[PDB]
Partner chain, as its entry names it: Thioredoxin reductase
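Given next, in structure tokens, is a single chain: the form deposited without the partner chain.
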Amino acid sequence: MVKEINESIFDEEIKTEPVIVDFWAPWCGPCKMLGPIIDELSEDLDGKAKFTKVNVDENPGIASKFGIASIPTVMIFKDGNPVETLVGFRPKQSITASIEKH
């Protein structure tokens, strides 16, 4: 349950438990390694966190607004505010540990 989001619906999806945004591109190797992790966590942390994906090729405005200078980057939002920016590939346990903190 990872929802693909764009600038038009970004505000809606972000304000709603922590919301995780995976900034990715289909041509980026490390991003493709991260995809399955985010998918698995959307099930394992179901009821605890919400997961979404932003394709930076199609949403350059979102990427610039949040300083996504490198992909993959995973951002955590709480009450509509960005509270964590996780740059670089990380295993499942590392992402979970970060989400657990909020």
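Residue numbers count along the first chain shown, from 1.
The same protein also exists as the form solved in complex with the partner chain; that form is not shown, yet it is the one meant from here on.
*asked:* Does the partner chain, in the entry with it bound, lie within 4.5 angstroms of each residue among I9, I14 and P82, using heavy atoms as the measure?
replied: None of them does, since no heavy atom lies within 4.5 Å of the partner.
*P30: heavy atom within 4.5 Å of the partner chain in the entry with it bound?*
Yes, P30 sits close enough to the partner chain in the entry with it bound that at least one of its heavy atoms falls within 4.5 Å.
*May I ask you to check whether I71 falls inside a 4.5 Å heavy atom distance of the partner chain in the entry with it bound?*
Flag for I71 set to yes.
*So, in the entry with it bound, is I37 in contact with the partner chain at a 4.5 angstroms heavy atom limit?*
Yes.
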